[PDB]
Every structure is written in C-alpha cells, then in structure tokens.
Amino acid sequence: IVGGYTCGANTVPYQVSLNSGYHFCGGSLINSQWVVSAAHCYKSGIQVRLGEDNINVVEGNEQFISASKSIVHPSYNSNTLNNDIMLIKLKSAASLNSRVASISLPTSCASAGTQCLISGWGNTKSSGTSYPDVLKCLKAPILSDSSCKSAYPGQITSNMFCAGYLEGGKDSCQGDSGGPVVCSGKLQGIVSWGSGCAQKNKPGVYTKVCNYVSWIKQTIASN
Ligand SMILES: [Ca+2]
C-alpha cells in the first residue's frame, strides 16, 4: 500500500495472508472454511495464515491452516485479468473470534464515491522497493466508470472497477494482489492490477465481486 497508514493489529479480522514459504498474496475470509483471492495468485501448496499482523513474528493470534483445494474462475483470462477471482478452501475450519472473522458478500454493487477500505502487506513505495511487515490500510473512493476507463483505454471490463485518486500517490498494487476492498460492510473487491503503483491518472483496478456472488455461493456449496 503506498500512502496509507498502519491498520492496527487485528483490526481487519477477515484479512488473510497466503504463504508459499513467504508472503505472496492476500485474501478475504468469507466463512470458516473458505477464502477468496485473485486468480493471478494461484500457486500449488498454499498455506493460509489468519489473524496476522506482523507476518514475520508469531505474535499469538495466528492460525496456520493448509489449503485443500483452489478453484480459479472458469473464464479467467491471465492476459487481460478479466475475471480475476479464485476460491481457496481450508483443510480444517478456522476458529472465529475477535481477531479472525468473516466478511459478508454483497447483495448489491457499491456505487461511485462510496468510501472503501483496502488492506494488505504490499510494497509501500512508488519508485523503488520497500515491503512492510505489518498490515497496511488505505481509505479510498470507488471512482466513476468514466474516470476508470479513461486512464486505461480499452482495458477495463464490466468486471473491474477503479478506486483511489486520479492525482497519484496512494494506491496498492504490489502491496497485495488478492486482498480485500471492503465498502459499507461488504466485500466489494479484490486487488487485481494497476499500472505502476500510484501514478497520476493510474488508479488501482479491482475485481468487481458483486458480479460473482452467484458463482461463489454455488461453488462453495458444491465443494
Ligand atoms: Ca504474525
């Protein structure tokens, strides 16, 4: 996350780190057995780590649970990152408490200028490299479709939205594919892509999870 602040430990309860030896993607816990992340984050041998703040020290509220199954969306296109969403099932169920919790799916799509919360462990610099060990947050608005599609001519589909500032310097990207964008209580997105990090007129782009609730709920009940 470039240009945000330290969330505070265990303040984003539904936040997950996917670990293949090292932190490589974020995700959201949606019930005790399932995680949603981005498809461009598929890896074999995923361990899911819940209740993290500092992903490098065991501070006492973590649960570490192996993934049993990953399900990338049927129509994910890794060239355009259309349909960038993936379901990850836990080998044993999480135990839900104050610091590990689910986040609700959408009944409806968020609209533009709704304030959202975007979290992750992502790169914090726009030029160069610095990764933080603790959870980071940014508060930003869902930008209008126009101002989204204008920054990426011919790249934005119905299944993405943009959030952040047109002006540049607050953004994630790097700084955590796969992580949550939560608005008015409900998971409305997944960090997908974005040219550079926090350039002027290069907002972050996010999977529009509202379009996928029917599939998430069907898939998760059959597996
Ligand atoms: Ca930890």
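Derivation of every value follows stated rules applied to the coordinates shown; laboratory data play no part. Using ideal geometry, Cβ is built from the backbone for each residue, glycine included, and neighbour counts are taken over all protein chains shown.
How do the pairs read when you match residues in the range 112-132 that are closer than 19 Å to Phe24 by Cα and touching a residue at least 24 places away in the same chain (Cβ under 8 Å) with residues anywhere that are among the acidic types (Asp, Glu) and buried (at least 16 other Cβ atoms within 10 Å of the Cβ), using Cβ under 8 Å and keeping only pairs 6 or more apart or on different chains?
Between residues of the range 112-132 that are closer than 19 Å to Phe24 by Cα and touching a residue at least 24 places away in the same chain (Cβ under 8 Å) and residues that are among the acidic types (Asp, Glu) and buried (at least 16 other Cβ atoms within 10 Å of the Cβ), the close pairs are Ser119/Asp176; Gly120/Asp176; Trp121/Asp176; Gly122/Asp176; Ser126/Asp171.
Taking into account only those residues within the range 119-135 that are surrounded by fewer than 20 Cβ atoms within 10 Å (Cβ to Cβ) and not β-branched (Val, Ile, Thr), which is farthest from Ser146 (Cα to Cα)?
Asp133
For the range 32-118, which fully contained strands (runs of 3 or more DSSP E) count at least 2 residues that are loosely packed, with under 14 Cβ neighbours inside 10 Å and touching a strand residue (DSSP E or B) at 6+ places or on another chain (Cβ under 9 Å)?
63-72
Go through the range 39-83 and report how many residues are more than 16 Å from the ligand (Cβ to nearest atom) and closer than 21 Å to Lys136 by Cβ.
Number satisfying all stated conditions: 2.
Do the conditions hold for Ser184, that is, is it touching a residue at least 60 places away in the same chain (Cβ under 8 Å), loosely packed, with under 14 Cβ neighbours inside 10 Å and at positive phi?
yes
Can you pull out every residue in the range 135-156 that is assigned to a helix (DSSP H, G or I) and not hydroxyl-bearing (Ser, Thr, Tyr)?
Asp145, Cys148, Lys149, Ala151
Name the single residue, out of those in the range 1-31 being assigned to a loop (DSSP other than H, G, I, E, B) and over 16 Å from the mean Cα position of the chain (by Cα), that is farthest from the ligand (Cβ to nearest atom).
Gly3
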